[PDB]
């Protein structure tokens, strides 16, 4: 559809040229239209940007949910390490996720509150998913009993460190080393064991 062609053209231009650098005339020209036709489908440039942000929001949370629900939940070490490396692979391959992570670090100022609500909605969903999963793993005696909130806060903090690296550092070697080190120390801290035996 034309609406989705407009969103795809805007996504590319926004992700590569920034918000202020991207005009509706630019977007319309990519799809072969005039500016007036974009208003047939979106209220203004803010609405177009926020419509793409809403799609990208779903991209992120659907990915986390697949990683935390569709994997082998008897292996917490694989589940949680796979999600850390996974966000790196999703950033490499999904243009909407790139858009999401990059604009999370610098949203248009007049849209900050709406973008913040999108991010917050996903963080709360992640917090609930981690809290329930970590509790189940402790009851199953797969990891030592310990404060669930601490484990969730530390894991989401390590996710933040990985996300900063992927967005600001263009070096897959430096990123792989950083994720591996964070994972190794985190998992030692959670399991209070140096290796499973």
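Residue numbers count along the first chain shown, from 1.
Which is higher in the entry, the mean Cα B factor of 141-149 or that of 167-175? 167-175 has the higher mean C-alpha B-factor.
Identify the stretch, either 183-191 or 9-17, whose C-alpha atoms have the larger mean B-factor according to the entry. Stretch with the greater average CA B-factor: 9-17.
From 133, 52, 28, 162, residue of greatest CA B-factor: Out of 133, 52, 28, 162, the record gives the largest C-alpha B-factor to 28.
Rank-wise, by C-alpha B-factor, drop residue 129 into the lowest, middle or highest third of its chain. Residue 129: CA B-factor falls in the lowest third of its chain.
Residue 37: which third of its chain by C-alpha temperature factor? CA B-factor rank for residue 37: highest third.
Taking the values exactly as deposited, rank residue 102 by C-alpha B-factor within its chain and report the matching third: lowest, middle or highest. Lowest third.
Assigned third (lowest, middle, highest) for the C-alpha B factor of residue 120: As the PDB entry reports it, the C-alpha B-factor of residue 120 lands in the highest third of its chain.
Thinking about Cα B factors across the chain, which third does residue 96 belong to? Residue 96: CA B-factor falls in the middle third of its chain.
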